[PDB]
Every structure is written in structure tokens, then in C-alpha cells.
Amino acid sequence: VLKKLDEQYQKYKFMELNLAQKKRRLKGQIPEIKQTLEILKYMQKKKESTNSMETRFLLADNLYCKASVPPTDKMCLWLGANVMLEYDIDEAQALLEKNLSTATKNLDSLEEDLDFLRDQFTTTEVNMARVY
Amino acid sequence: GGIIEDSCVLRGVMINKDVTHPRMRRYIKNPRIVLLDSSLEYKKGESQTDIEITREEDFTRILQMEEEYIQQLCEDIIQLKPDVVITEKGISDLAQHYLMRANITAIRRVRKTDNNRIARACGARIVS
Amino acid sequence: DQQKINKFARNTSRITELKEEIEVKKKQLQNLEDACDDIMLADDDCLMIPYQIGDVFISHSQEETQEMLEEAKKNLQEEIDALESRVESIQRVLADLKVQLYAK
Amino acid sequence: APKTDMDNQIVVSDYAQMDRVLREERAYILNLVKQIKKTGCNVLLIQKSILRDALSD
Amino acid sequence: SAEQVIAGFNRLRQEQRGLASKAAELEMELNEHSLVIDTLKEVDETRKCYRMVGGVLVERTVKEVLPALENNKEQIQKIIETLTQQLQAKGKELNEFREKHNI
Amino acid sequence: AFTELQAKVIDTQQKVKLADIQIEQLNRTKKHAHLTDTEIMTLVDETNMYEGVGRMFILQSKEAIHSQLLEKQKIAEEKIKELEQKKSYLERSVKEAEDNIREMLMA
Amino acid sequence: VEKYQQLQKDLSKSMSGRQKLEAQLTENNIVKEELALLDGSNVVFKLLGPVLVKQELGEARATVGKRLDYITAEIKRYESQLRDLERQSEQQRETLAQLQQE
Amino acid sequence: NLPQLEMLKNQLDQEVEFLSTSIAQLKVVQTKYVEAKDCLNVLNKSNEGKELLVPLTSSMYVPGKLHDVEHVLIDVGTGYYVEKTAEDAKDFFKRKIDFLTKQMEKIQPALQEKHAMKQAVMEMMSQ
């Protein structure tokens, strides 16, 4: 009957679309993460003080200081939740590429649920059509 | 109500004009009514008037300076033995609020026609 | 359930999927073109030109910014173009999956 | 600068595309102005800007 | 009369689609938990582990910095599982309740 | 003159409520600027310790930071009263508009 | 119908950033005040586009006379796009509604 | 009757909200100029030369060795970069502090107007 296929066709196609959504948001956070490395990259100077350059320090958004930048090798990075570990120019880039998958792994668990609720859509509805 | 045969005349100006309802307590026997031609306006500062109150700071800082002035004022009222004070001038949110704090009934935004009739009622003057 | 349920959608899933990673690298190319105009507009290299990397600025002449701009422009433009062909493929498969859905 | 939308060398759609041709309104009005003093004058008679199409200030 | 029929007819379908709303409400909470407890513990804590606060960047050893992300996230995970789970059954019961009282 | 008094109750309504949560945070960063002070005291000596009031994190020794951070405590420690003191005249002004009408109809 | 708010969007769009400019207008008159009181004490860069560039004082000055061209240009152009879109929006309102109702 | 109110009750909520969000956002940006004045205080206070972790990119800070605690930005014009003295910042901040001050205050009357008005639309609905 057209009744049984129609109920299934959309609830899959709605939650089959969900497979591509997080799968894309899997590959969608790659631009967030890697250019942050690109920031550190030209900056990164080994066998030299990292980023020996001009800067306007960000004191606040409205407040900058022109300085001679070069630090000792390190980059203090934002780990989250008031936790700052020091990273030297490399661990930084390393840790900084780690922000790829961790938020990328924030995603498919819903897609999986979405796919697995997808089959909860179809399994229920056929009985739901027969039960009520 | 009552009959005009029961209508009469009594000393001073009877004020029904502003009083059809509670206006000055009910029965204030000896104790005074205070006619106010002051110069009671609650001072935003102490002796000086400052910006009006649009905001919390203006409430805090200014009421500090305001409330003590009506205190500076209506404590000079409490000495004349009112149980009621009818405020024709200087009547404002703080003024009559302090007369209940001055332990005297305060009476709000009243016609001076009465208070002049009242200046013929208790027969006083009114003072600024 | 039929096979067109998975094919038609997962195709259409990939269609919009593949066309999107294209576009963002077109406008940044244009955005990276903007700072080019800006050192062309002012401080033509009559003074040094620093190029912002994170907070800090790398001292140089005019072009180097435009390079790093154009450098990223070219890093950008390519993953557009193969995916220009990639959404091209998957969307024509849909026009196939359209008719294949209708005839049965 | 030539008027491609209201008075401005910009065309009116978005903020981004106009600012680069806002850059265009900039240089042109200055250059002609630069050109003024480059062939040079000590005083400049200027008619009204209504006696003009428009004169960028 | 029909208040329970429409309720039970709704709840199994409402809970079903609310499962995604249930799991996602927990997800984005746990989403930032991943960016934090991982990035501290994976890479050497042996050196100085700062604490970033408002008017200060606090100096701290791992010894304080490590267990903070340990127990807090875990303590959060208990509480978040409780309410979002309880929200669905409330809706289940409140769908039956709202038809009753409003005469 | 009953009309003018409906605003000052709604006006102070957004105010006297505001002045409550205000003293709250000032007791908070107080003990926290002691708590953050405690954790920099927790490590015996740190120069690479950064105390600055913004996203500039500016190298200072632990101690002058403590005085800076214990005064940072002292700041919010001081600020609790005013904004609670703010909760008073606010709630005092809301009534002064009210005691206008209530007095004639009472007395 | 679709033709209603297509025009009112870019109406409301270039409306606000234009008004953002009005804040910046005061600033663009104040930046003529701020830089003109800068003799080269603090390093003056133009912030013009995403490249932040070592700049000179006339480059700082001539820029803000040119930065006022922001408030000049963006504000003016929209008063076109205001009514340019508004009228075609107003036009399309009664036409397609009366149809779908009729 | 109530159908008018029910549409009138629901509408007047959002303009409270739309305005509740606005002014709530007009304090922060106003407060950063206070803090940009404040960030400049500890700046001068320590000295030139200190290591400054300064915002670098997502998840990073770049440390850098400070120079010229008198260096401050002032952004006026549209985006235009005006580097100013440690003094010039504080007043330019305070202008934009005062600039958003009114901008905060313009909202509250229109914020609160749609509540007590909506509040009047609740009563005759139930009453």
C-alpha cells in the first residue's frame, strides 16, 4: 500500500539527511581549527624568538600597544573552563590542531542518534499505523 | 442627609470644599492643621537643587539629601502640635511621606482657597 | 521502503553537501583581494607594510600581504573547483534518480 | 565623484562591495583636486554646487 | 473522557521525537566538556598549568588544575541526565493536566 | 492627582530588583579575588604569573599581584554596600510616590 | 507572497549600518579631531581593510577625510535603496494578495 | 474580544524581549571602554617590557614583551585605527561609555512599555 511506504519515505529522508549534516559538520570545523595554526605558523620561529616582528598587542579591543613582540618560545592556549596550560610554539600548534576533532566529535553522536532515531521513526510508525 | 433645620453655622470656615471624604484624619480635637505656604520643596541636594532623579544613583544620593530637608522642614512642623498637616505648597512624594514619619497626618495637594478660608477657619495666617 | 529512499536523499544529501565547501573559498578570495586594494590605496610601500598573523604583524613591503592573501586565495580556489565538478556529478545523478523514481 | 547611485561612485546594494568603490569616490575627488593645484591656482572661483552638478567637499 | 486517549496517543510519539531534543540538550553541554578535560590531560601537565580568570591569569600546578576538570564535568553529567530526562515525562503528564484545570 | 504615581512604582521596580543582584557579585569576586589570590599563593613563587584586568596578561611577580589581587578583592569587597545602599532609597522612593494618595483616603 | 519583504530586507539591511555610521560620523568628525591632535606621537596606522599597515600622518589624515566618505557614501546611497526597494515592495503588496484572496 | 487580546498579549511580549536584549547588550560594549580604560591602568602600572599574553587566535594567546605602556588604540571613524596616549584613551572611552549610556537608557521606557501594556492584556483575557 502507498500508506506504508509514504510514512517511511520521509522519516528516513528527514533523518537520512541527518547523516550528511554532522558528517559535513565533521569536515566543517576543519577551517575553524587549522587557520588558527596558520596564525601561529608565520609567527612560529624556532632557532629564533617566535614571531620576532611588529605587533599591536590586544590589551582590549579598543586598546592596543605597539611593542617589540618576541617572547621566549611559548604560547599560552585556551583549553577551556579556566584551564590554561602553557604550550611552546609547537604543542600550541599541536594542541591547536586538537580543537579539530574534539568539537568535531561533538557532532556525529547526534547524527548516530538521528540515524538511530530515524529507525525509531520507521519501526514505531509501521506498528503505530497498525496499533492505532 | 440631615435637614436644613439641622443645618447650622460654626466658628471658622467649615471646609466641605476639599473634604467630601477623609481629608484630614477624622476628629482632630485640639491638635493643629498645618497650612503650608513654604518653600517646603524637598531639596535634591541639601541647600541646593541638583539634577532630577532618573536613575538608581539619583534615588540614593539625592533622597539622602531630600529626606533630611523635609525632616529639616516637617520636624519644624511637629513642634506646633498638629495631628494633621494639610500641604498646599511643597506637597511632593517625599513631603507628606515624612509627616507620617513626623508622626503627623499629612494631606495632599489641596486648594489654598480652602487654606485661605482655613486661614479664616482656625483663623490663622499661612507662612512660607 | 524502496531503494529510492536511500539513493534519492543521500544523493541530495551529497549534492548540497558538495556545493557548499565550494563557495566559502570564493569570497575569502575576494576578501583576501580587499587588503590588496588597501595597500594599493594607501602606504603603497612608501613605508613598510606589516601583515597581521594572529595578533602580531610581520614587517615587509606592500606585496607580501597581497601574497599571503593571494597565497590563501589559491589555497582556497582549488578545493572549490574539484568540488565544482563534484557537486556537478552528484546533482546529475539526482536528475537520474528523479526519473528512476518516477518510471516505476 | 561620478554619481552611479545617489551622489556617490558607489552603487547601493551591500556594505562590502561599495567600500572598495567608496575607495574610488575617495581618490577621484582628491585627484581632480590634486590636479587642480598641480596645474595650480592661488584662488579658485567656485560657483554654487547647484550651479554645479555636485562638488565633493 | 478523550483526555487520556489523546495523551497516550501523543506521548509515545512526543517522547520519540523528544529523544533527539533530550539527547541534544545533553549533547552541546557535553560538547564543550570535550574541548576542556581532554586538552588539559592529554598534553604534559608536568609544567605550569595556569588558571585563566577575570582580572588575573592564575598560576597553578597540575595538582590543582587536573582534578578540577575531572570531578566537575563528572558532577555536571549526573545533574544534566536528571532534569532533561524528567522534562519529557513532565510534558507527558502536563499534556494530560492542561486539559483538566482551565474551565 | 492620582496619575503621576504609577510610574515610580514600575520605575523603581526594575531598580530595587536590580540593586539586589548587584551586591551579590560584589561579595563574589571579592572572595574569588581572594580565591584566585589563594591559588597564586598556592604556588610558592611565580613571576610568569600574569595579573592584568584584561585579555592582556601582563607578567608580574606573585606578590605585587597579591596586593593587586587582594585589593581586587578589596574593590568588590567595598562595592557590596553602595549597591545594597542602592536597594534602599530606591525602595524608599517607590513608597514616597505611594504615600501621596494613601494619606487623603486614609486621613 | 515572496515579493513583499525581499525589498524591505535590504532596506532594513543598509538602513542600520548606515545608522552605525552616524555614530561613526561623530567619530569621523572626531577622528579628524583625534589624528589632527596626533603629531606622530602614537604610531598612526590606517585601519582600512584587513591589512594593518605602517602608515604616515598625511596617510592618517587624508584617510579620515576619506573615512568620512564612509558616512558620506554609505548613508546617502541607501536613501536610494530605501525607496528603491520600498516602492517596489509597496507595489507588490496589494497585487499578489488580492489575487490569492480573489 | 479575547482574540484581540490574545494577539495583543503575545505581541507585546517580544518588544519587551527585543528591547530587553538590546540594552543588555548596550552595557557590555559600554563596559569594555571602562575596561579598556582599566586594562590600560595595569598596563602603565607594571612597566614597559612585561610579557603580555594577548589574544592570538581561537584557543590561543600569544605572549609578547610589552613596549610603550603609553600606546593605546582608539577606534573611531568606521574601523579606522587611531593610536592614542594612555590619557587620550580614557576620555575617548568615556565618550563612548557615555555614548552607549544614553543608548542603554533609550531602551528601558520602550522596554517596559510593552510589559505593563501586555500586563493589562492578561487581565481582561482571564477577567
# chains A, B, ... in the order shown; residues from 1 in each chain; ligands from 1
call {"tool": "residues_around", "arguments": {"residues": "residue B:112", "least_positions_apart": "5", "cutoff": "9 Å", "atoms": "only C-alpha atoms", "output": "PyMOL selection string"}}
result
chain B and resi 35+37+88-89+117-118
call {"tool": "write_last_selection", "arguments": {"atoms": "N, CA and C atoms", "output": "compact mmCIF listing (two decimals), in the first residue's frame"}}
result
# COMPACT_ATOMS: atom_id res chain seq x y z
N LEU B 35 -1.24 74.65 57.57
CA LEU B 35 -1.27 75.28 56.26
C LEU B 35 0.16 75.59 55.84
N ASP B 37 2.59 77.43 53.20
CA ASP B 37 3.00 78.27 52.08
C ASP B 37 4.50 78.20 51.84
N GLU B 88 -0.59 72.38 51.02
CA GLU B 88 -0.90 73.16 49.83
C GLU B 88 0.31 73.48 48.97
N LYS B 89 1.42 73.88 49.56
CA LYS B 89 2.65 74.14 48.82
C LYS B 89 3.72 73.20 49.35
N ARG B 117 -9.66 80.28 53.18
CA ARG B 117 -10.82 80.04 54.01
C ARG B 117 -10.39 79.47 55.36
N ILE B 118 -9.47 78.51 55.33
CA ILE B 118 -8.95 77.93 56.56
C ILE B 118 -8.14 78.96 57.33
call {"tool": "interface_residues", "arguments": {"of": "chain A", "to": "chain F", "cutoff": "10 Å", "atoms": "only C-alpha atoms", "output": "list in words"}}
result
residues 57, 58, 59, 60, 61, 63, 64 and 65 of chain A
call {"tool": "residues_around", "arguments": {"residues": "stretch 89-91 of chain G", "least_positions_apart": "3", "cutoff": "10 Å", "atoms": "only C-alpha atoms", "output": "mmCIF file with N, CA and C atoms, in the first residue's frame"}}
result
data_model
loop_
_atom_site.group_PDB
_atom_site.id
_atom_site.type_symbol
_atom_site.label_atom_id
_atom_site.label_comp_id
_atom_site.auth_asym_id
_atom_site.auth_seq_id
_atom_site.Cartn_x
_atom_site.Cartn_y
_atom_site.Cartn_z
ATOM 1 N N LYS G 3 7.304 38.415 -2.849
ATOM 2 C CA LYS G 3 7.827 39.685 -3.338
ATOM 3 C C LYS G 3 7.699 40.793 -2.298
ATOM 4 N N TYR G 4 6.967 40.544 -1.211
ATOM 5 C CA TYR G 4 6.798 41.554 -0.169
ATOM 6 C C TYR G 4 8.132 41.998 0.418
ATOM 7 N N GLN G 5 8.769 41.122 1.198
ATOM 8 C CA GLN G 5 9.820 41.569 2.106
ATOM 9 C C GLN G 5 11.209 41.397 1.503
ATOM 10 N N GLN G 6 11.293 40.882 0.272
ATOM 11 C CA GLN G 6 12.570 40.854 -0.434
ATOM 12 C C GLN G 6 13.226 42.226 -0.429
ATOM 13 N N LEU G 7 12.424 43.262 -0.656
ATOM 14 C CA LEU G 7 12.940 44.616 -0.778
ATOM 15 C C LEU G 7 13.128 45.264 0.587
ATOM 16 N N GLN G 8 12.253 44.944 1.542
ATOM 17 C CA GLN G 8 12.334 45.572 2.856
ATOM 18 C C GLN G 8 13.529 45.058 3.647
ATOM 19 N N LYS G 9 13.983 43.838 3.354
ATOM 20 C CA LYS G 9 15.195 43.336 3.995
ATOM 21 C C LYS G 9 16.392 44.227 3.697
ATOM 22 N N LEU G 11 16.380 46.974 2.435
ATOM 23 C CA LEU G 11 16.007 48.227 3.077
ATOM 24 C C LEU G 11 16.524 48.260 4.511
ATOM 25 N N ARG G 83 14.037 53.786 -0.710
ATOM 26 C CA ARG G 83 12.838 53.909 -1.531
ATOM 27 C C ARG G 83 12.950 53.091 -2.809
ATOM 28 N N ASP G 84 14.173 52.890 -3.308
ATOM 29 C CA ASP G 84 14.365 51.977 -4.430
ATOM 30 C C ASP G 84 13.717 50.631 -4.153
ATOM 31 N N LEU G 85 13.960 50.076 -2.967
ATOM 32 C CA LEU G 85 13.330 48.817 -2.592
ATOM 33 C C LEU G 85 11.923 49.043 -2.054
ATOM 34 N N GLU G 86 11.737 50.117 -1.281
ATOM 35 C CA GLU G 86 10.470 50.336 -0.589
ATOM 36 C C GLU G 86 9.301 50.384 -1.561
ATOM 37 N N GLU G 94 -0.189 44.764 -2.617
ATOM 38 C CA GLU G 94 -1.621 44.640 -2.866
ATOM 39 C C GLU G 94 -1.886 43.762 -4.080
ATOM 40 N N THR G 95 -0.938 43.725 -5.015
ATOM 41 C CA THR G 95 -1.137 42.975 -6.249
ATOM 42 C C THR G 95 -1.323 41.489 -5.979
ATOM 43 N N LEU G 96 -0.348 40.860 -5.326
ATOM 44 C CA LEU G 96 -0.364 39.407 -5.210
ATOM 45 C C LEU G 96 -1.298 38.948 -4.097
#
call {"tool": "select_by_dssp", "arguments": {"residues": "chain D", "states": "helix (DSSP H, G or I)", "output": "JSON, numbers by chain"}}
result
{"D": [16, 17, 18, 19, 20, 21, 22, 23, 24, 25, 26, 27, 28, 29, 30, 31, 32, 33, 34, 35, 36, 37, 38, 39]}
call {"tool": "interface_residues", "arguments": {"of": "chain A", "to": "chain E", "cutoff": "12 Å", "atoms": "only C-alpha atoms", "output": "MDAnalysis selection string"}}
result
chainID A and resid 11 15 18 74 76:88 90:92 94:125 127:129 131:132
call {"tool": "write_last_selection", "arguments": {"atoms": "C-alpha atoms", "output": "PDB file, in the first residue's frame"}}
result
ATOM      1  CA  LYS A  11      11.165   9.885   8.185  1.00  0.00           C
ATOM      2  CA  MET A  15      16.852  11.655   9.250  1.00  0.00           C
ATOM      3  CA  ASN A  18      20.894  13.995   9.180  1.00  0.00           C
ATOM      4  CA  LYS A  74      55.753  29.533  24.281  1.00  0.00           C
ATOM      5  CA  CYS A  76      49.610  30.016  26.359  1.00  0.00           C
ATOM      6  CA  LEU A  77      46.495  28.495  24.823  1.00  0.00           C
ATOM      7  CA  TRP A  78      42.841  28.398  25.795  1.00  0.00           C
ATOM      8  CA  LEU A  79      41.992  24.857  26.896  1.00  0.00           C
ATOM      9  CA  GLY A  80      38.600  25.901  28.269  1.00  0.00           C
ATOM     10  CA  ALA A  81      36.988  26.194  31.698  1.00  0.00           C
ATOM     11  CA  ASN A  82      39.628  28.477  33.264  1.00  0.00           C
ATOM     12  CA  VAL A  83      42.352  25.931  32.464  1.00  0.00           C
ATOM     13  CA  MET A  84      45.409  27.331  30.752  1.00  0.00           C
ATOM     14  CA  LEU A  85      48.378  25.105  30.105  1.00  0.00           C
ATOM     15  CA  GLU A  86      51.487  26.613  28.573  1.00  0.00           C
ATOM     16  CA  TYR A  87      52.485  25.381  25.121  1.00  0.00           C
ATOM     17  CA  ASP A  88      55.655  26.246  23.351  1.00  0.00           C
ATOM     18  CA  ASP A  90      54.609  23.630  18.814  1.00  0.00           C
ATOM     19  CA  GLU A  91      52.492  21.937  21.450  1.00  0.00           C
ATOM     20  CA  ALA A  92      50.428  25.043  20.745  1.00  0.00           C
ATOM     21  CA  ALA A  94      49.724  20.575  18.148  1.00  0.00           C
ATOM     22  CA  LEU A  95      47.078  21.344  20.776  1.00  0.00           C
ATOM     23  CA  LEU A  96      45.607  23.857  18.372  1.00  0.00           C
ATOM     24  CA  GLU A  97      45.013  21.163  15.752  1.00  0.00           C
ATOM     25  CA  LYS A  98      43.427  19.074  18.516  1.00  0.00           C
ATOM     26  CA  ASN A  99      40.492  21.500  18.551  1.00  0.00           C
ATOM     27  CA  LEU A 100      39.601  19.908  15.208  1.00  0.00           C
ATOM     28  CA  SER A 101      38.223  16.544  16.238  1.00  0.00           C
ATOM     29  CA  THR A 102      37.102  17.263  19.814  1.00  0.00           C
ATOM     30  CA  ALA A 103      34.380  19.647  18.640  1.00  0.00           C
ATOM     31  CA  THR A 104      34.119  17.512  15.506  1.00  0.00           C
ATOM     32  CA  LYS A 105      33.309  14.656  17.890  1.00  0.00           C
ATOM     33  CA  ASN A 106      30.611  16.893  19.370  1.00  0.00           C
ATOM     34  CA  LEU A 107      28.516  16.060  16.358  1.00  0.00           C
ATOM     35  CA  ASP A 108      28.034  12.538  14.979  1.00  0.00           C
ATOM     36  CA  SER A 109      26.691  11.347  18.333  1.00  0.00           C
ATOM     37  CA  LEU A 110      23.570  13.238  17.329  1.00  0.00           C
ATOM     38  CA  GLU A 111      23.809  12.011  13.722  1.00  0.00           C
ATOM     39  CA  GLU A 112      24.089   8.493  15.129  1.00  0.00           C
ATOM     40  CA  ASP A 113      21.102   9.234  17.384  1.00  0.00           C
ATOM     41  CA  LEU A 114      19.426  10.925  14.410  1.00  0.00           C
ATOM     42  CA  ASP A 115      20.089   7.830  12.298  1.00  0.00           C
ATOM     43  CA  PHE A 116      19.104   5.649  15.246  1.00  0.00           C
ATOM     44  CA  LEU A 117      16.026   7.761  15.935  1.00  0.00           C
ATOM     45  CA  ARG A 118      15.426   7.503  12.185  1.00  0.00           C
ATOM     46  CA  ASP A 119      14.991   3.770  12.677  1.00  0.00           C
ATOM     47  CA  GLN A 120      12.948   4.622  15.766  1.00  0.00           C
ATOM     48  CA  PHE A 121      10.767   6.689  13.440  1.00  0.00           C
ATOM     49  CA  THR A 122      10.191   3.862  10.955  1.00  0.00           C
ATOM     50  CA  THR A 123       9.937   0.994  13.451  1.00  0.00           C
ATOM     51  CA  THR A 124       7.342   2.804  15.574  1.00  0.00           C
ATOM     52  CA  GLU A 125       5.239   4.202  12.731  1.00  0.00           C
ATOM     53  CA  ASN A 127       3.275  -0.574  14.243  1.00  0.00           C
ATOM     54  CA  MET A 128       1.806   2.840  15.090  1.00  0.00           C
ATOM     55  CA  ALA A 129      -0.141   2.622  11.833  1.00  0.00           C
ATOM     56  CA  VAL A 131      -1.681  -0.265  16.518  1.00  0.00           C
ATOM     57  CA  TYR A 132      -3.661   2.961  16.071  1.00  0.00           C
TER      58      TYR A 132
END
call {"tool": "residues_around", "arguments": {"residues": "stretch 22-31 of chain D", "least_positions_apart": "5", "cutoff": "6 Å", "atoms": "only C-alpha atoms", "output": "ChimeraX atom specification"}}
result
/D:1,9-10 /G:66
call {"tool": "residues_around", "arguments": {"residues": "residue F:11", "least_positions_apart": "6", "cutoff": "10 Å", "atoms": "only C-alpha atoms", "output": "PyMOL selection string"}}
result
(chain B and resi 54-56) or (chain F and resi 90+93-94) or (chain H and resi 108-109+112)
